[PDB]
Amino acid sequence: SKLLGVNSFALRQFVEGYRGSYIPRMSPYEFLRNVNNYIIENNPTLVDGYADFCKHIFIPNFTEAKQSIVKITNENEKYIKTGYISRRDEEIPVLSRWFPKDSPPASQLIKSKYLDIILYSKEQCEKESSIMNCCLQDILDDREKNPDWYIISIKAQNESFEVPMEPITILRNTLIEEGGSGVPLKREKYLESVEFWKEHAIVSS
């Protein structure tokens, strides 16, 4: 509401090798028009996220972005990679596990059914930008020069509901400086997240 913008954080997902939902063969700008059209044409439901500043829409996947999370099994565990990875240069690296794009669990995957489009308020985006401050430029729809909400993340998934965020994401959100949305840890949310992520991994690239 009104139409959307794209926050500069999301721009990492249009670059091959992204650890999660890689959106291929389309520009961020072309990605934003299409999402915005969906909105104009279908008036989707704006869904509460984990805090007041965070919303979600779920849309059919109009991209060739593939399923990016797979269940970990006895059979496929041997393909887990591990390492200390940053989301971006400004952040400290975090202990992270994933299936590599080259591995058996990732060779099967096809286009995901939906897209979970994660939105931050204008205010929250500004708040974090006045702490870390990246001099990167957001991508605006020519139809909307001052959007109230920005796309910060895109999850390519077969569920049309919110999948829990990784437990380290939750832990980092405790530290705006490092940053960090700036929300206190809620034990119950953290433990829900852990129960999901004990048996799932992100697929790289």
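Don't overthink the numbering: it's just position in the shown sequence, from 1.
Look at the C-alpha B-factors of 125-133 and of 99-107. On average they run higher in 125-133. Stretches 17-25 and 191-199 differ in mean CA B factor, with 17-25 having the higher one. Highest C-alpha temperature factor among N42, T169, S153, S68 per the entry: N42. Among the modelled residues of the chain, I176 sits in the highest third by CA temperature factor in this PDB entry. Annotation for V47: C-alpha temperature factor in the middle third relative to the rest of the modelled chain, per the entry. Sort the modelled residues of the chain by CA B factor and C54 lands in the lowest third.
Ranked by Cα temperature factor within the chain, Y38 sits in the highest third according to the deposited record.
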